[PDB]
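Enquirer: The sequence shown lines up with residues 1 to 330 when you count with the authors' numbering. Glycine included, C-beta positions come from ideal geometry on N, C-alpha and C.
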Amino acid sequence: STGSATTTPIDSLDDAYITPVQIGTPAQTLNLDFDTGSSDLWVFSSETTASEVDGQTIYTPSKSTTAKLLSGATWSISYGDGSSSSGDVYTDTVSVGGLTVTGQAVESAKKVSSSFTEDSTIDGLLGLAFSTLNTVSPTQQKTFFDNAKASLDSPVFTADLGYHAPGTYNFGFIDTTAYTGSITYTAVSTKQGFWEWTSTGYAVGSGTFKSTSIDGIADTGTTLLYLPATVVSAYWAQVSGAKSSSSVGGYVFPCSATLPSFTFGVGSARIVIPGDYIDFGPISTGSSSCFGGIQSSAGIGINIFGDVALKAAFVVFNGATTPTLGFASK
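#1: Tell whether a beta-carbon distance below 9 Å holds between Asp276 and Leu126.
#2: Using the beta-carbon count (16 or more within 10 Å), is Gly167 buried or exposed?
#3: Once the 5 residues before and after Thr135 are set aside, which same chain residues still bring their CB inside 7 Å of it?
#4: Can you grab the Cα-Cα spacing for the pair residue 338 / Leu225, in whole Å?
#5: Does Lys330 come out as helix, strand or coil in the three-state DSSP assignment?
#6: Where in the segment 166-246 do unbroken runs of the alpha helix (DSSP H), each at least 4 residues long, occur, reported from the N-terminal end onward?
#7: Within its chain, find whatever has a CB closer than 7 Å to the CB of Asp279; leave out the 5 residues flanking it on each side and keep chain order.
#8: Whole angstroms are fine: how far does the CA of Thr65 sit from the CA of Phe194?
#9: Report yes if the CB atom of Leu152 is closer than 9 Å to the CB atom of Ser4, and no otherwise.
#10: Quick one: what's got a C-beta closer than 7 Å to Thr49's C-beta in the same chain, skipping five residues either side?
#11: What's the call for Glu118, buried or exposed, on a 16-neighbour Cβ count within 10 Å?
#12: Which residues bound the beta strand (DSSP E) around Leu32?
#13: So, for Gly281: in the same chain, excluding its five sequence neighbours on each side, which residues have a beta-carbon less than 7 Å away from its beta-carbon?
#14: Could you round the C-beta distance between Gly306 and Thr190 to whole angstroms and report it? I think they count as a contact, below 8 Å.
#15: Looking only at C-alpha atoms, which of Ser131, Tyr59, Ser137 and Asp146 sits nearest to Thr102?
#16: Under the rule that 16 or more other beta-carbon atoms within 10 Å means buried, what is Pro9, buried or exposed?
#17: Beta-carbon within less than 7 Å of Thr100's beta-carbon, same chain only, minus the 5 sequence neighbours each way: which residues are those?
#18: Quick one: what's got a C-beta closer than 6 Å to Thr184's C-beta in the same chain, skipping five residues either side?
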């Protein structure tokens, strides 16, 4: 089997991407944030505290003839941005782009933190990291990909995120028309539950490539590119007037600037992030200070190849017995 679904930016900045997902019988379609940095499929629901729902579409398990309460199971998750959610668990039929999993754990939110409430465009998350990170207790549950894997034509999914445009998540096949050149594959460590890999270095604009190992995670659920402070300083030093602002929370730059590109290495291959992809617009409405799309990871504990980096590539998440990641230009 295979599946193919379009993923759409939630706003003009590509702050996140939503993909429609069918849950239950008859189908209830929710727009979920596919997140290769976490491993829970959770949704706004008829159980979510009413004051914490503000425009999201909800899953109502009582209206699904295939929903079954997973007795005794609870979940609770905290994300790197400080947001959180928790609740109980149903199993139900879940389909993405024509690919169907029966018995998928659908984590129904009873509580969500303010940032989820305040984003009416995201109805929940669909985790695509390794199932060892799934938070369901006392019986950990599998991700949608893990449940689907055995049925897929090939045990892979691909992320093809658009810049200011829709893109595609495919399951079970590699669309050879969706990228240019060849796909370069690189090793993955699953020890932390992430799609964790080592980039071979970077360049800023037309500058020379610096060969240096940068361990980080391929994370579709993080907006920006978070890299070591040395790398980030080297990038922003090429932008007149750019500075790190403690009050804003990262590097800002004059909105009048033209940003240089940023290249990262995948083995001997190179992925080029155009400068425009690094512009996240005014820090507040009407400001001439703009927020940068490359930021320091120094306060995170891990480097994160988020959407800014991934949207410059066609990315293969290879879930073979020994997982690997593939990157191609496009």
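Expert: Quick look at the numbers:
#1: In this structure, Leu126 does not lie closer than 9 Å to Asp276 by Cβ.
#2: Burial call: buried.
#3: Scanning its chain for C-beta atoms nearer than 7 Å, with the 5 sequence neighbours on each side dropped, one finds around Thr135 the residues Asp40, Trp75, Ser76 and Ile77, in chain order.
#4: For the chain, the structure presents residues 1 to 330; residue 338 sits outside this window and is missing.
#5: Of the three classes helix, strand and coil, the one that applies to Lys330 here is coil, per DSSP.
#6: The segment 166-246 contains these whole alpha helix (DSSP H) runs: 229-236.
#7: Once the five neighbours on either side are set aside, the close Cβ partners of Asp279 are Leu259, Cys290 and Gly293.
#8: Linking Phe194 to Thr65 through their CA atoms gives a straight-line distance of about 34 Å.
#9: Contact flag unset, no.
#10: If we look at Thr49 and ignore the five residues flanking it on each side, its Cβ neighbours are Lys110 and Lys111.
#11: So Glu118 counts as exposed.
#12: First-last of the beta strand (DSSP E) with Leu32: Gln28 to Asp35.
#13: Same-chain partners within the cutoff: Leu13, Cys290 and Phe291.
#14: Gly306 to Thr190, Cβ: 19 Å. No contact.
#15: Answer by Cα proximity: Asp146.
#16: When all chains shown are included, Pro9 counts as buried.
#17: Correct list, in chain order: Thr93.
#18: For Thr184, where only same-chain residues beyond five positions count, the Cβ hits under 6 Å are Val266, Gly267, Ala269 and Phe327.
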